[PDB]
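Contents: one structure, followed by commentary.
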Amino acid sequence: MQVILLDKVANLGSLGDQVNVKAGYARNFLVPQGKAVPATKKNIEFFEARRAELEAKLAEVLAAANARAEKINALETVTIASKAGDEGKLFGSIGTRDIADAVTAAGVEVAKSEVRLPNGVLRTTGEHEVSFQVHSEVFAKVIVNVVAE
Amino acid sequence: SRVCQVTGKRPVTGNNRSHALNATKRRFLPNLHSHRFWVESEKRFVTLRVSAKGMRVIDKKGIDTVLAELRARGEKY
Amino acid sequence: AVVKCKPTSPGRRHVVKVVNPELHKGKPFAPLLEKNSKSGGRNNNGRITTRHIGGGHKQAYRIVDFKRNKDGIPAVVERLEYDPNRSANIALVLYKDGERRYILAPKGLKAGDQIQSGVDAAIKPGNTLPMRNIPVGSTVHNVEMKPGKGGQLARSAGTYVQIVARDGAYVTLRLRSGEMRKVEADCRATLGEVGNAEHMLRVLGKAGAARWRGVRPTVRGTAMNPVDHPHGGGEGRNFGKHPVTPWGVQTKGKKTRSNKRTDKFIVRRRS
Amino acid sequence: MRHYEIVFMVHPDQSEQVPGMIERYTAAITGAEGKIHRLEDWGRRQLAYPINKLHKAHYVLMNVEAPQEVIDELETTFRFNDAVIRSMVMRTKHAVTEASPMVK
RNA sequence: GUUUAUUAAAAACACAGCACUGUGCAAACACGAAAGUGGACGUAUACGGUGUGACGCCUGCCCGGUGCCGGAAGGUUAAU
Ligand SMILES: [Mg+2]
Ligand SMILES: [Mg+2]
Ligand SMILES: [Mg+2]
Ligand SMILES: [Mg+2]
Ligand SMILES: [Mg+2]
Ligand SMILES: [Mg+2]
Ligand SMILES: [Mg+2]
Ligand SMILES: [Mg+2]
Ligand SMILES: [Mg+2]
Ligand SMILES: [Mg+2]
Ligand SMILES: [Mg+2]
Ligand SMILES: [Mg+2]
Ligand SMILES: [Mg+2]
Ligand SMILES: [Mg+2]
C-alpha cells in the first residue's frame, strides 16, 4: 500500500513520505483521520509538486493552537466537588468528562477524549496527576484536585 | 442476500468431488463482510456489504469512484 | 416450614408442601402485571424446539425490577408475594416518591424492612450497590454481568454468589455452580442470599403436580423404536450403545461449551 | 452502663486522617449519653509480625462507657471501614481513667 | 393415569422420586442455507439429555476392551 502522509507518524516517517504500510493500517486508521492520502500519481501531482509547502503550512497553523493550550493552562487550581464518604470512600467516580468540565470551564473548551489517566476511576479523594494529549506532539503536566461533599 | 455490492459476487454451486469422485452439490459462498468505509467527499462512513475481493477494488479505484458506480447501477448504500 | 402431608389417599402419601404464612393471600399489584402467553415449547416455525413443555396453569408475568435503578431513594417493603413465574418469592416495595416495584426477596427481608439502592447504601441484606463497594467475601445475589444491564447471576430460589476477590476493574465471583468468573466491579449486585431457600425441600408427590407446572411427560429413549431414538429397539430391554441425545450427541460427560468469546472471564471451571 | 476498652489498628498510610475518625466515634459515644475516659493515640507503632503484608500501623486506644447498642453499632464500623485493620472491643469491669503504661 | 381409532389395555408407557451428566446466559440444546425463534421475558434450588422408577433395607468387585474426560513433552501428521 503505497500511501502518502500528511503529518509525522510514529515509526514510518514525517510529512511528505510515501511509505509502504499494510492495508489495514492505511484504510482503518490513517486515511479516515486525515493522516494520509492513497498515493495516486494524480495525488502525487496534487501533493508532492503542488502542495509540498501548502500542506506543510496547514501542519504549522495547527501547532500555533497546540502551544497555546499549554501556556495559558498553567493554573492547576482545578476544584471538582463530588459526593464521597470518609477518608477516601468515593460515591461517584471521576472520569474524563469530569476532568473536561472544569478545565473546559476554566481554560480552553476542550473535548473529553483529550484527558490521559493512569487510574481512570480516580477513587481516592485528593490531588491526582492528569496528563493531556490535546494533540499527539505536545503534552502538559496538570494535577486535578478531588474535593468531597 | 450474499451479494458483494462492489463486484457482484454471488454464491455459485459446485460439487464435493471426493477421492472416489462422488458428487454432492455444494455452494461456494463468497467472502462477504459488512464494512464501513470513510468517505472524505461526504465526511462520513458508508456501510457496504462487500466481499474481500471488493475491498481490494475500493483500495485501487478509490471509494469515491465505486459509490458513483452504484448510483449508476441503481443500488442504495 | 415444610409440611409432610398425611396419607389420606395415595398421591398425598408423599406430598411435602412448603407452607409460608408470610406470603400475601390476595391479588397481586395489578399495574405490575402483563400477559405472559404460553408456547408449548414451540418456536416461530411452529415446531417443538424444547420438549416436554405444555399445559399447566395460566400465569401472569410479574414485572420484577432486576435492573434496580432507584438510587438513593429509600424503599420500604410492603409485602412479600408468591410468584408463579419463578422459584423465589417477590417483594412489593414502596419508594418514598410513591412508586411501587417488585424485587426478588432476600433471605432476611420481611414485610416492613427498608432497602435502598445506589452507591451510598448500607451494607446489609436487600441493598443494591456496585461491586467495587461491596466487601470481599460477602454473599450477594441478583448480580449483573454488564453495568446497568440487569441482574442475571444468583436469581433462583435459594442461591448466592460470593465475592472472592477484587483486582482493578474486575471482581472474581464464586458462582453457585462453583465456577470462578471475572465480572466488572461496576456491575450492581444485591446483598444477601435470595429468600426462598427451602424451595428445594418440596416434594410434588403425584404425577399431575408436575402437569400443573407445564412439565409434560418425559418418555425415556430406550422405550422408543429404532426410527425414533438412537436408543430404541431390541427384543426386550436392550441398550447396547452409548447414551446419546435424540439428535445423536453424547450425553454422559461430553462438554458442549463452544463459546470462545467469554473464556477470558472464566477463571476456573467447575468440578 | 457497660464499661469497655476499644483499641483499633489503622493503616499507617491513613495516619494523617485518624483524628478525622476520632471526632465521629467519640461523637457517637457521647451521642448516646456515653462517657469517654481516656483516648490515647499510640502513633505509628511497629508490628510484631506482618499482618496484611505490611509492618506498621497507627494504634488508637479508647475507653468507653456506652450502651451496648452504640457499641454493636460501632463494631460494624470497624468491619466495613477498610482503613482500620484490626479492632478489639474488650469489656472491663470499672472505668479505668489512669493513663497507659505505653504512653511513657 | 396412558396405550396399538378397527384381533393385544398388559407385567408395556407414564409417574412422583433417584442419580449421573451437560449448561455462566447472546447458556447447553432444538427449529432454521440466514435473520430469527423456542429455551425464558427463566439464571445452577435454573434448564436440557440419559438411565432407574413410590416406599423400606440396600446398591458388592472389575478401567483389560470400547466410549467420554484430563495431561502436552516425544513420536507420527494435513493444507500452507
Ligand atoms: Mg448424481
Ligand atoms: Mg424435558
Ligand atoms: Mg423424569
Ligand atoms: Mg420416564
Ligand atoms: Mg417399543
Ligand atoms: Mg438410528
Ligand atoms: Mg433380552
Ligand atoms: Mg448383551
Ligand atoms: Mg385394537
Ligand atoms: Mg382391548
Ligand atoms: Mg423400567
Ligand atoms: Mg477405559
Ligand atoms: Mg485407562
Ligand atoms: Mg485427550
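By order of appearance in the C-alpha cells: chains A, B, ..., then residues from 1 within every chain, and ligands from 1 in the order shown.
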All strand (DSSP E) residues (DSSP, backbone) inside range 29-230 of chain C, as a ChimeraX atom specification:
/C:33-35,60-62,75-81,90-94,100-104,114-115,128-130,139-141,143-144,151-153,161-167,170-174,180-184,188-191
Please write the residues from the selection above to a file, keeping C-alpha atoms, as a PDB file, in the first residue's frame.
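Output saved as out04.pdb:
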ATOM      1  CA  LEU C  33     -48.702  -7.500  35.648  1.00  0.00           C
ATOM      2  CA  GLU C  34     -48.959  -8.206  31.949  1.00  0.00           C
ATOM      3  CA  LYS C  35     -49.890 -11.033  29.635  1.00  0.00           C
ATOM      4  CA  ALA C  60     -49.286 -13.516  34.550  1.00  0.00           C
ATOM      5  CA  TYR C  61     -45.775 -12.096  34.348  1.00  0.00           C
ATOM      6  CA  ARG C  62     -44.909 -10.017  37.402  1.00  0.00           C
ATOM      7  CA  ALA C  75     -37.659   1.954  49.914  1.00  0.00           C
ATOM      8  CA  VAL C  76     -39.792   0.119  52.436  1.00  0.00           C
ATOM      9  CA  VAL C  77     -41.142  -3.358  51.766  1.00  0.00           C
ATOM     10  CA  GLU C  78     -44.912  -3.502  51.509  1.00  0.00           C
ATOM     11  CA  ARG C  79     -45.448  -7.277  51.397  1.00  0.00           C
ATOM     12  CA  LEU C  80     -43.895 -10.479  50.131  1.00  0.00           C
ATOM     13  CA  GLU C  81     -45.811 -12.252  47.385  1.00  0.00           C
ATOM     14  CA  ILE C  90     -41.010 -11.455  45.356  1.00  0.00           C
ATOM     15  CA  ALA C  91     -41.376  -8.350  47.484  1.00  0.00           C
ATOM     16  CA  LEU C  92     -43.602  -5.454  46.515  1.00  0.00           C
ATOM     17  CA  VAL C  93     -41.660  -2.445  47.745  1.00  0.00           C
ATOM     18  CA  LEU C  94     -42.736   1.163  48.113  1.00  0.00           C
ATOM     19  CA  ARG C 100     -44.251   0.643  43.795  1.00  0.00           C
ATOM     20  CA  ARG C 101     -41.998  -2.047  42.344  1.00  0.00           C
ATOM     21  CA  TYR C 102     -41.338  -5.753  42.661  1.00  0.00           C
ATOM     22  CA  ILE C 103     -37.933  -7.116  43.622  1.00  0.00           C
ATOM     23  CA  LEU C 104     -36.656 -10.567  44.387  1.00  0.00           C
ATOM     24  CA  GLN C 114     -36.169  -0.984  54.468  1.00  0.00           C
ATOM     25  CA  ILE C 115     -33.980  -1.172  51.397  1.00  0.00           C
ATOM     26  CA  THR C 128     -28.124  -2.987  45.680  1.00  0.00           C
ATOM     27  CA  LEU C 129     -24.656  -1.390  45.295  1.00  0.00           C
ATOM     28  CA  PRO C 130     -21.829  -1.759  42.676  1.00  0.00           C
ATOM     29  CA  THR C 139     -22.519 -13.196  49.660  1.00  0.00           C
ATOM     30  CA  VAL C 140     -24.602 -11.319  47.103  1.00  0.00           C
ATOM     31  CA  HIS C 141     -27.328 -12.280  44.673  1.00  0.00           C
ATOM     32  CA  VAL C 143     -25.749  -9.989  40.122  1.00  0.00           C
ATOM     33  CA  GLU C 144     -25.334  -8.185  36.804  1.00  0.00           C
ATOM     34  CA  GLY C 151     -29.315  -8.896  37.436  1.00  0.00           C
ATOM     35  CA  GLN C 152     -28.595 -12.309  35.987  1.00  0.00           C
ATOM     36  CA  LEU C 153     -26.427 -14.316  38.395  1.00  0.00           C
ATOM     37  CA  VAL C 161     -22.704 -15.658  44.763  1.00  0.00           C
ATOM     38  CA  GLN C 162     -19.625 -14.823  46.815  1.00  0.00           C
ATOM     39  CA  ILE C 163     -17.150 -12.062  46.015  1.00  0.00           C
ATOM     40  CA  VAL C 164     -13.797 -13.747  46.497  1.00  0.00           C
ATOM     41  CA  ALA C 165     -11.508 -11.051  45.076  1.00  0.00           C
ATOM     42  CA  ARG C 166     -11.278  -7.564  43.592  1.00  0.00           C
ATOM     43  CA  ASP C 167      -8.321  -6.680  41.360  1.00  0.00           C
ATOM     44  CA  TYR C 170     -12.811  -6.866  37.820  1.00  0.00           C
ATOM     45  CA  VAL C 171     -14.133  -8.798  40.779  1.00  0.00           C
ATOM     46  CA  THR C 172     -13.983 -12.582  40.934  1.00  0.00           C
ATOM     47  CA  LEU C 173     -17.302 -14.267  41.679  1.00  0.00           C
ATOM     48  CA  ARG C 174     -17.566 -17.803  43.006  1.00  0.00           C
ATOM     49  CA  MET C 180     -14.940 -18.513  39.155  1.00  0.00           C
ATOM     50  CA  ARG C 181     -15.942 -15.656  36.871  1.00  0.00           C
ATOM     51  CA  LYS C 182     -14.490 -12.185  36.377  1.00  0.00           C
ATOM     52  CA  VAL C 183     -17.205  -9.528  36.218  1.00  0.00           C
ATOM     53  CA  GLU C 184     -16.672  -5.767  36.159  1.00  0.00           C
ATOM     54  CA  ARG C 188     -24.569  -3.713  40.696  1.00  0.00           C
ATOM     55  CA  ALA C 189     -25.371  -6.650  42.958  1.00  0.00           C
ATOM     56  CA  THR C 190     -27.981  -7.007  45.696  1.00  0.00           C
ATOM     57  CA  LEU C 191     -26.676  -8.166  49.090  1.00  0.00           C
TER      58      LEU C 191
END
When you get a sec, could you note down which chain A residues fall within 10 Å of chain D, using only C-alpha atoms, as a PyMOL selection string?
chain A and resi 86-89
Check range 139-248 of chain C with DSSP on the backbone and list each residue it calls alpha helix (DSSP H), as a VMD selection string.
chain C and resid 207 to 211
What's the 6 Å shell around range 124-134 of chain A, counting only C-alpha atoms (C1' of nucleotides), without same-chain residues fewer than 5 positions away, as a PyMOL selection string?
chain A and resi 88+114-117+139-146
Those same residues, written as a compact mmCIF listing (two decimals), in the first residue's frame with N, CA and C atoms?
# COMPACT_ATOMS: atom_id res chain seq x y z
N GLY A 88 -11.29 8.97 51.98
CA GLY A 88 -11.43 8.24 50.73
C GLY A 88 -12.91 8.01 50.49
N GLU A 114 -9.38 13.97 25.28
CA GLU A 114 -8.05 14.55 25.35
C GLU A 114 -7.41 14.38 26.72
N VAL A 115 -8.11 13.75 27.65
CA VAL A 115 -7.63 13.53 29.01
C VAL A 115 -6.90 12.19 29.05
N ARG A 116 -5.72 12.17 29.67
CA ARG A 116 -4.94 10.95 29.82
C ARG A 116 -4.85 10.59 31.30
N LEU A 117 -5.27 9.37 31.64
CA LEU A 117 -5.35 8.96 33.02
C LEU A 117 -4.64 7.64 33.26
N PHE A 139 2.46 17.81 25.15
CA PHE A 139 1.91 17.31 26.40
C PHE A 139 1.89 18.41 27.46
N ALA A 140 1.17 18.14 28.55
CA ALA A 140 1.07 19.05 29.68
C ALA A 140 1.17 18.26 30.99
N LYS A 141 1.47 18.98 32.07
CA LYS A 141 1.62 18.38 33.40
C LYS A 141 0.66 19.10 34.35
N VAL A 142 -0.58 18.63 34.40
CA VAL A 142 -1.65 19.27 35.17
C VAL A 142 -2.13 18.27 36.22
N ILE A 143 -2.40 18.76 37.43
CA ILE A 143 -2.87 17.93 38.53
C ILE A 143 -4.24 18.43 38.97
N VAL A 144 -5.22 17.53 39.00
CA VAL A 144 -6.61 17.85 39.35
C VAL A 144 -6.88 17.39 40.78
N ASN A 145 -7.46 18.28 41.58
CA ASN A 145 -7.77 18.02 42.98
C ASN A 145 -9.22 17.58 43.13
N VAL A 146 -9.42 16.46 43.82
CA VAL A 146 -10.75 15.91 44.07
C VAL A 146 -11.22 16.39 45.43
List the spatial neighbours of residue 8 in chain D as a ChimeraX atom specification - criterion: any atom at most 9 Å away, only C-alpha atoms (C1' of nucleotides), same-chain residues fewer than 3 positions off excluded.
/D:58-62,78,84-89
Got a sec: who's within 9 Å of residue 22 in chain A, counting only C-alpha atoms (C1' of nucleotides), leaving out chain neighbours fewer than 4 positions off, as a PyMOL selection string?
chain A and resi 1+26-27
